[PDB]
Structure formats: C-alpha cells, structure tokens
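Topology and contacts: notes
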Amino acid sequence: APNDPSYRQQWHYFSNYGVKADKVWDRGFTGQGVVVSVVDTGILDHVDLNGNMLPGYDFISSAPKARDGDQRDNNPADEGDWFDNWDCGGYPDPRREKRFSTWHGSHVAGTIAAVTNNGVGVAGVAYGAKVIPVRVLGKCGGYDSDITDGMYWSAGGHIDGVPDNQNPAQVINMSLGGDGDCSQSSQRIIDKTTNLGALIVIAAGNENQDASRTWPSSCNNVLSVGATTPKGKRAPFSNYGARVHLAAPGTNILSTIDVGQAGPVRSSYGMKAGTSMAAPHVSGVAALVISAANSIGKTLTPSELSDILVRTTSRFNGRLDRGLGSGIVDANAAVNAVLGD
Ligand SMILES: [Ca+2]
Ligand SMILES: [Ca+2]
Ligand SMILES: [Ca+2]
Ligand SMILES: [Cl-]
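Residues numbered from 1 in each chain as written, not as in the entry; some residues may be left out. Chains lettered and ligands numbered in written order. Heavy atoms only, no water. Residues with missing side-chain atoms left out of burial classes, pairs and counts.

In the PDB header, X-ray crystallography is given as the technique by which the entry was determined, and 1.8000 Å as its resolution.

Laid out in structure tokens, this is it:
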C-alpha cells in the first residue's frame with residue numbers, strides 16, 4: 001500500500017464499491033506518461049500536488065472574477081471562488097448572499113494524481129500521471145467561451161492569444177456544468193476536442209434529475225459519470241438516466257484542499273461529495289488503462305478507451321432507484337481488458 005498517512009481513509013480507491021485502483025498499482029501501472037487536464041477552478045500551491053503538475057493556463061477572461069489583476073494568463077492558480085454580500089447577484093435572497101471557497105479544482109486534481117508514496121497526505125488514482133490545470137472557473141462560476149476554449153486547448157487545440165499547449169492531454173476532466181442542452185456550437189467544439197484523440201470525462205451533475213437536462217451530459221461524444229456512495233448506491237443528488245454511462249465513488253471523497261474560506265491560507269485534506277468527484281476517479285482509471293496499453297504498444301482511441309471503462313464496470317449494490325450507467329468503474333477489470341489476465 002502507498003505510505004501516505006491518509007490513504008487508509010480513501011475507501012474509494014480500495015474498499016467495497018471502490019474503483020480497485022490498488023490492484024492496478026500492484027500490477028505496476030500508475031498512469032505513467034499520461035497527461036490529464038483538469039478544467040476547473042485552477043490549482044493550489046500544495047505539497048501533495050506540486051510534484052505531479054505540468055504547466056497549465058488561466059482562461060478566465062474577467063480580471064475581477066479571476067482575482068489576479070489580469071485577464072487570460074499562464075498562471076492557473078486558484079485564488080479562491082468565495083463570495084459575500086451578494087457579489088454574484090440575487091439580493092436580497094439570504095440564500096444567494098455568500099459562499100466559502102471550494103478549492104474544487106485542487107480536490108479534483110488530487111483524486112487524479114495527488115503525489116503518492118511521499119509520506120504525506122493522500123494518494124491519487126493515477127499518481128504516475130501528470131495534470132495540466134486549466135483554470136476556467138472563478139468568482140460566480142465561469143463563462144461558456146472560457147470553459148470550451150480551455151477544453152479545446154487541453155487537447156492541443158490552438159486558441160488565438162494563448163501560447164500553444166506543449167503538453168496535450170489524452171484525458172480531459174470536466175467536473176463542471178449546469179442546466180441546459182447542447183447547442184450545435186458547443187457540440188462542434190466538443191467534437192473537435194475529442195477527435196484530436198482526447199477522452200472528455202464529465203460530471204453528470206448534482207440536481208437529482210435526468211442528465212439529458214444538463215450540459216455537457218446532453219452532448220454526444222463525452223463520458224458522463226454518476227456518483228455512488230460507500231454503500232454502492234446512487235448518491236441522492238446524482239443526475240441519472242440514459243446519458244449517464246457509468247458511475248464512481250462521489251461521496252466521502254478525501255482529497256487535497258486548502259483551509260481558506262476566502263483566499264488560500266494553508267494546504268490540507270478534506271472530504272467532499274459530488275459527481276465532480278466521481279468524474280476524476282474515471283479520469284484516473286482512464287490514465288491507468290492508457291499506461292497499460294502503452295506498455296504493449298497499443299493505441300487506444302477515446303471511443304475504444306470509453307468502451308473499455310464502461311464494459312468492465314463492477315456491479316452496483318443490487319438495483320438502483322434510477323439508471324446510472326453500466327456499473328462502478330473498475331480499474332482492475334479495465335486493465336484486464338487490455339493486457340489479459
Ligand atoms: Ca488573470
Ligand atoms: Ca491567473
Ligand atoms: Ca501524498
Ligand atoms: Cl495567436
């Protein structure tokens with residue numbers, strides 16, 4: 001087992017209804033040579049992240065929302081997405097008044113590739129991989145064009161005014177979205193991105209509704225991930241239905257955070273719930289599978305990779321209350337599909 005002192009708490013990696021990540025590590029695959037993009041709130045300066053991060057980019061076009069004094073820039077630092085005093089609108093509704101910072105991008109990035117076997121904090125699913133932090137979300141969320149520009153750039157797509165990505169990603173994690181359908185424009189950019197050879201893994205959403213009512217789940221050519229609990233049941237908030245392809249642990253997920261309620265204060269570790277968390281488990285397992293395929297000189301298309309992940313899932317705990325794809329992502333079974341027994 002990894003020596004990270006909080007690994008023992010990461011049930012979602014090795015326990016019942018977890019992703020069996022440990023069995024693949026045992027086999028010698030950790031996502032070596034794979035680049036994974038995290039399209040999210042950005043990245044923290046964190047001892048359990050730094051070593052596994054490659055250069056990213058800050059696509060937030062609004063300086064005030066980015067909280068860094070400029071528009072788009074080459075520093076995807078998460079400055080905090082908190083707000084107070086109805087800064088994001090909605091006055092006088094008390095429920096719209098304030099939120100603490102999420103450190104969402106960092107929690108997600110830690111699930112994919114937290115520095116492992118370093119005697120500190122936690123482990124990551126694909127800890128031999130590297131992450132490019134693609135910052136698209138700041139105060140009050142994110143702009144449509146910033147998110148998709150970031151996604152496209154992640155795969156090696158050229159964006160005017162931005163230096164070209166020298167670390168194109170084979171897996172793009174998008175733990176974001178909201179209510180909506182997929183426009184022909186939004187579908188066009190998704191298609192451009194995935195047909196470069198990158199798998200787009202997305203969170204199904206947290207509205208306890210059919211995922212077809214949400215973006216990017218309403219889009220084609222993405223891998224939509226629902227959230228399961230330690231009981232191997234559907235997390236009550238998880239979106240569901242035919243547009244969800246598989247599930248992964250999405251409650252009680254321990255990963256890398258900051259303690260700061262507003263700006264960064266101090267690196268730490270914390271539990272979070274959401275389909276946003278489930279998604280990085282799948283992204284991590286995708287990286288594991290790619291590292292296994294690389295070892296035998298086998299090329300996998302995103303279509304082939306997604307097929308492997310979906311067809312090799314482990315069973316839910318009995319029948320669920322809604323459709324949530326084929327089962328829970330199983331790294332051991334996924335790698336078995338590429339290398340054999
Ligand atoms: Ca900026
Ligand atoms: Ca920045
Ligand atoms: Ca660690
Ligand atoms: Cl240019």
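Now, onward.
1. Quick word on the UniProt feature "active site" (unreviewed entry) in the chain
Note the following rule: UniProt positions are given in the numbering used here, feature names are shortened, and annotations may be inferred rather than shown by experiment. By definition, any uninterrupted DSSP run of H or I lasting at least four residues is a helix, any uninterrupted run of E lasting at least two residues is a strand, and each is numbered from the N terminus. In what follows, a contact means two residues having at least one pair of non-hydrogen atoms within 4.5 Å.
The UniProt record marks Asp40, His104 and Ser276 with the feature "active site" (unreviewed entry), using the residue numbering of this structure. Despite a sequence span of 237 residues, these residues sit close together in the fold, their greatest C-alpha distance being 9.9 Å. With respect to the helices, strands and loops of the structure, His104 is situated in helix α4 (residues 104–113). The contact partners of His104, leaving out residues within four places of it in the chain, are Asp40, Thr41, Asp78, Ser175, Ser276 and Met277. With respect to the helices, strands and loops of the structure, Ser276 is situated in helix α7 (residues 275–295).

2. A look at the state of the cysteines
What counts, and what does not: Count a disulfide wherever a pair of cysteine sulfur atoms falls within 2.5 Å. Each residue's exposure class comes from its accessible area (1.4 Å probe, protein chains only) as a fraction of the maximum for that residue type: buried when under 20%, exposed when over 50%, partly exposed otherwise.
Using the criterion set out here, one finds two disulfides in the structure. A sulfur-sulfur separation of 2.0 Å characterises the disulfide bridge that pairs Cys182 with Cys219. The sign of the 95° torsion about the S-S bond sets the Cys182-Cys219 disulfide as right-handed. Linking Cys182 in the loop between β5 (178–179) and α6 (184–194) with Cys219 in the loop between β7 (214–215) and β8 (223–228), this pair joins segments that are 37 residues apart in sequence. You can call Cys219 buried: its relative accessible area is 2%. The connectivity of the disulfide bonds within the chain can be written as 1-2, 3-4, using the sequence rank of each bonded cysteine.

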